[PDB]
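Here is what each chain is made of, one letter per residue.
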Amino acid sequence: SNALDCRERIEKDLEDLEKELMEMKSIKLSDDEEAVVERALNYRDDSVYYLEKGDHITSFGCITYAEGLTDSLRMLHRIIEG
Amino acid sequence: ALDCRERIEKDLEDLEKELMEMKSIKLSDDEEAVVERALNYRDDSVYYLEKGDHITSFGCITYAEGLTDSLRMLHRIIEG
């Protein structure tokens, strides 16, 4: 067992992901990058599904995967790039 | 299931292959940071698995998979 996949941690992870997704949508992305965003949104939706069915392990894996997708996009766009 | 030892071990092998193959192609400086981070998180997963922390190990490897898969999606062999 581990508190990393408890309900409140997953809820906060989701809130954090949704913030970064809005941040990435605030800038110009290539079509390929937009497809990464869409995949991250799909995995956000999956994380919520598993959380709601009480499967915290799968929920946690989905939101961390989505965070990896999104964090990579953030890293490819230095805030001082433009 | 997804975080059982057998599954994490397979994830770790699969990711090593994906990263060795990604780290030999033309990458931008920013992409190099992402690759480095994925390798670091793979290493973290390996460590936590050794200690029997399956949830922690699983989180590290799925995060690293997301980092890596994003780059794969930006480098389709046929871009179209």
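Its PDB record attributes the structure to X-ray crystallography, giving the resolution as 1.30 Å.

Looking at the PDB entry, one finds chain B named uranyl binding protein, with Methanothermobacter thermautotrophicus as its source organism.

By the naming in the PDB entry, chain A goes by uranyl binding protein and is assigned to Methanothermobacter thermautotrophicus.

Counting secondary structure elements, chain A contains three helices and zero strands. Along its sequence from the N terminus, chain A presents helices and strands in the succession α-α-α. Reported as C-alpha extents along the three principal axes, the dimensions of chain A are approximately 45 × 20 × 15 Å. Within chain A, the fraction of its 82 residues that count as buried is 45%. For chain A, the share of sequence-separated contacts (at least 6 apart) that also reach a separation of at least 24 residues comes to 70%. For chain A, the distance from the average site of its 11 positive side-chain charges to the average site of its 21 negative ones is 2 Å.

Thresholds, definitions, all that
- Residues numbered from 1 in each chain as written, not as in the entry; some residues may be left out.
- Chains lettered and ligands numbered in written order.
- Heavy atoms only, no water.
- Helix = DSSP H or I, 4+ residues; strand = E, 2+ residues; numbered from the N terminus.
- Buried < 20%, exposed > 50% of the residue type's maximum accessible area, 1.4 Å probe, protein only.
- Contact = heavy atoms within 4.5 Å.
- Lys, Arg positive; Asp, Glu negative; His and termini not counted.
- Charge placed at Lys NZ, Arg CZ, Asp CG, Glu CD.

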